[PDB]
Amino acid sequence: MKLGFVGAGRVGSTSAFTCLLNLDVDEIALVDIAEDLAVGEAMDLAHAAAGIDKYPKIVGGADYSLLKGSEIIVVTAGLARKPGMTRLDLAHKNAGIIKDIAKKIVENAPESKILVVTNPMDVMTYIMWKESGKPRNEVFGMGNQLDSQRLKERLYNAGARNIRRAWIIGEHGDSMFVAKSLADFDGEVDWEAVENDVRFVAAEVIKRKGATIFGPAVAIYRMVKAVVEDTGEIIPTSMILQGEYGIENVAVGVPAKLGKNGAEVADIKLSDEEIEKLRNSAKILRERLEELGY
């Protein structure tokens, strides 16, 4: 089991840490244009590793060669943004970097599953699958999981208990929605209040903490776990749809089955209103992609 990480920033490195803490990993690789940053992350992860009596190979640098062998690669590389500076501006910039990465991931680690995390995730996930020759089952994105984690919290807060299932699907962003039809938990809650908090929690945290890290790392871990350990679990995942729910040619968050073969749309029936909400999100995402020449 080798894990690959393109981007050794806050989320890349904490993701890798989390995985190291809970998975039987033999090798971890960290690629990043910031060469020294990637090496130092590697060094620090190794020191961490030695304290739980794990001793895997942890290499860090800037050559995509390091990725050779990876069963899966978490791509967090790019830029987050703010200081006024535009949404679409980063979309272009990152889209440039994502296209560029896919090419490198393919001429180095051809057979690796690719987990896209870089924002706007649904959009970058699509661009990744498009720019690499790969089948829609070897490229997907982390987002909804994290959204759902937030959901599961606001619920336990609002009284809910024995939360067996609770997901958020659709766009990882504004047009997201709770899949009420699948909620399973004891205790009455206010779906109004809850649906609301979640969407704006993302930035409520960013303005205070500076960025979102620990939430994202765990979500990423849960996905990687499901693949490296062939658990067969079902996790809201951003996936290229080719017909499902009347949607096509776009990535969007839908319940998926993760396992050694990557991801596959878990066929699960949704509310009639739930399909529209999904179709809306696809439209919005489809707009944003055409904006980019895809």
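Each residue number is its position in the shown sequence, starting from 1.
- The deposited model assigns a higher average Cα B-factor to 161 to 169 than to the other stretch when 146 to 154 and 161 to 169 are compared.
- Note on 119 to 127 vs 184 to 192: mean CA B-factor is higher in 184 to 192.
- Taking only the listed residues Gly84, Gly78, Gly210, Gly215, the entry reports the highest CA temperature factor at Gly84.
- Of all the options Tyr221, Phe200, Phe140, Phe177, the entry's greatest CA B-factor is assigned to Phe200.
- The entry lists a Cα temperature factor for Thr18 that places it in the lowest third of the chain's modelled residues.
- Split the chain's modelled residues into thirds by C-alpha temperature factor. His47 is in the lowest one.
- Ranked against the other modelled residues of its chain, the C-alpha B-factor of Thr237 as given in the entry falls in the lowest third.
- Ranked within its chain, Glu41 lands in the lowest third, by CA B factor from the PDB record.
- Ranked against the other modelled residues of its chain, the C-alpha B-factor of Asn249 as given in the entry falls in the middle third.
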